[PDB]
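First structure 1, then structure 2: two forms of the same chain, each alone, as structure tokens.
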Structure 1
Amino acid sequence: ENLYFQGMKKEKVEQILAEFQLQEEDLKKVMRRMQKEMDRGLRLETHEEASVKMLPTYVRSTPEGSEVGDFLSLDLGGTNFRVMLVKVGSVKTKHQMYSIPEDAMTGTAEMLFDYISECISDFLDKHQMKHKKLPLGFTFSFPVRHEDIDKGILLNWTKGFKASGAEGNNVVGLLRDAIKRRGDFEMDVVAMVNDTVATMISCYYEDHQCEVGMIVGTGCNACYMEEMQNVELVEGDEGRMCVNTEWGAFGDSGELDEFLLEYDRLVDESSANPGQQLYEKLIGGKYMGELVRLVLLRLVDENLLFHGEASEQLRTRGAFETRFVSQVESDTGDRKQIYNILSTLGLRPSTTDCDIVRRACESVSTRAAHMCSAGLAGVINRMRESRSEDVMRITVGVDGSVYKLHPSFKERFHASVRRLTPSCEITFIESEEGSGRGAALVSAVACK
């Protein structure tokens, strides 16, 4: 054992972990670069080259007028596929979750939308309604270049999705064609929204100050209410339109280069979309645990962890799940949670190993919270400027397992947003069934 040696080991761990550190000035730099990229995406002259796409959603600030009745909602791209029946009068919901097979997410668009339509049929039978033709709202968690609220092309798949025959095509069309091939129900697709947009809309229902939507789950993204005069891609300068930032692609033109560590390059190189969604790759739950796994292998290689031996499970891709980062950070101090996770990964951890794993986890999750804060602060700061407000009071609607379930992420992120947003009063609100509800609310408003 030896307490002097255990300590020397932790000091070398720290020297390696220090590379994850971001100073307040680094965050301001990241923030200013994000803001610079947001200006670029919005303008007709730089839009095509901008990494931050600032996509117009065609979701407009509207005086009101919501339709009443039953609305169907689809949710694709997060954790599984969701069908929701929404009753607008007051709003009450009925919903079901379906696990997407790998062969559908990685095969053809036809296989993907065929399975989606099968699930819709199953929801409609379970609620005895495959006869009623309802207005349908679609939450599709991928970058889309809209022509309208109900017409838009998939730019590229993100988060490991790889279905062929989808990119370059109208997503509403793919969906509608799949419903027709099946021929056992009818739906009128009225709106297609990003998950950030759906979250902002359902959160707004509860707090009219909500004009920003943020997702920190499998992926990381944000939307906000932009002035129509700043939305150059849409003719008109009156009122506001929701803009899908698609901020996950920040750094794809080299904007984050000085901050990318070896672990970031490896995660990127072994991903389905290399060289893409690099800022998301620093924060998203699809990558967080993999980043911790990589740091642990580096520490095993320096003979600082697990007697310099890594098990087959520790050398398995995606074995250190993001939920384990959350669970390791939940540990009360006894080390029991850390121990069980490590034992299940075929390791024989000492008390010191448990503490080192704890440290690698906090170094990755604190970096994610800090990188994510520079992005939110850039959006909020830009809004304060555009609205020419001395003190801007805004509510941010947030969804996703990383922000929701990670034990300290949310706190580190809020504190870092606050530091970067002086003269801003930000209220953070967590969405209760965010996406589904949101896509149906936009549908009720659109269905006039």
Structure 2
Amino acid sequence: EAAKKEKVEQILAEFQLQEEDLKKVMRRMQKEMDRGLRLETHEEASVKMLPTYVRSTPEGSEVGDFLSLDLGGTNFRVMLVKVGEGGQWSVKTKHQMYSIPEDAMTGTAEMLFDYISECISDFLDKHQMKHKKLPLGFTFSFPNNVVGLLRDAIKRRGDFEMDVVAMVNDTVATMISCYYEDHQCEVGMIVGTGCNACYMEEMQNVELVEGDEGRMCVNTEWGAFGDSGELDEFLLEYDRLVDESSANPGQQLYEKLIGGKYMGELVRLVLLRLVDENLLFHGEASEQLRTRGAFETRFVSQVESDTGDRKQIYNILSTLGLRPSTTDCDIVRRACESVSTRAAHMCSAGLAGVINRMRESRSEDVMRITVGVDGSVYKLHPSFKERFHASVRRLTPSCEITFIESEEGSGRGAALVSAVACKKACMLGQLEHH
């Protein structure tokens, strides 16, 4: 009836966050960023603000030739990159795509990397680059760590040497690949399974490094924001439950509000509360619905994609052992919207904090800035992006923000990620042959 509808909305309204609540979160983010950057508070800081050593200017001159290896869904690409400084860097690329033959043995990671190493060997032969002992970086283009696996497989072969360099953080790969397309890109963010951001900070503010001139990318690791109690007043019963059953209770609390790792589980616990109150599924949950992890984050995106006929919603609930009414389906859609909208708003406060801080750190007036973004939630969820953009903009009055997602293009954005990875390894003295 009408009382039931009202009660559902009363429960779902606990998820709402007011502009004033988001301004609070935003200022507290700014305060935690300041703490992670300072030598005296770095150890107690929740938000670690890791120096990435990626500078706004070119470094590692010595590295002018390198390999980039792009791992896709089913294929991989080996690319030879040559940087010329005879300008704004002159880049030649030569490449080859490889598919796995059906007869190849790829049952283990070791087996797959044996195959990959063999293709690298062939490629190095075709281009006469074997004796050069080039550095190599990884990139990913998906629809045990790879650096270690490749290093081990190349050693097993014993016919060539390479320096396989450390990867940059995914937020940093995102910033660099987007920077390739738009030089005003100075923020990288990921809203996927996890959530994090990086940005270009003034060297003088990065106390953990030597030097007061220029800018360096800083990896906030902001998923741990709240870990000193900063978010406690916003935590709901569902958040406390998610935290309790997690691998790390008490930690990554900000990430637990936003990330795809937990978003479906939040909705599951909301649905169980509405069931316990006799407001949903005639007050009976299935065995599947009472199972941790059963409501997948992808179901949240799918529910919110429903055209209005509730057919997609029904089919999800059916597979979870339920026989929903039309009202049940609509309540489930509202529960999803509630959880996902909160994730967008919490995320928006963090990015607003970063952006407003940069404007303050630099200001000559209206700050015009490009933010590069990737991740499954940001890209696949039907309305997260729109809600997130609207909220960030409300919180950043004196800024003009352009959001961008990198495209594959000819693979030159990925080449720049690998150039930076290899030149960073050079500068840090990590190359055993360069």
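Each residue is numbered by where it sits in the sequence of structure 1, with counting from 1. The term rigid core refers to the most C-alpha atoms you can superpose between the two forms while keeping them within 1.5 Å.
With the rigid core aligned between the two structures, the listed residues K336, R265, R348, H95 include just one Cα displaced by at least 2 Å, namely that of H95. The Cα shift for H208 between the two structures, taken after rigid core superposition, is smaller than 2 angstroms.
After superposition on the rigid core, displacement of the C-alpha of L233 between the two structures stays below 2 Å.
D39 is not among the residues whose C-alpha shifts by 2 Å or more between the two structures once the rigid core is aligned; its shift stays under 2 Å. Once the rigid core is matched between the two structures, the CA atom of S423 is found 1.0 Å away.
Relative displacement of the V190 Cα between the two structures on rigid core alignment is 3.3 Å. Taking the core as reference, the Cα of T108 moves 15.9 angstrom between the two structures.
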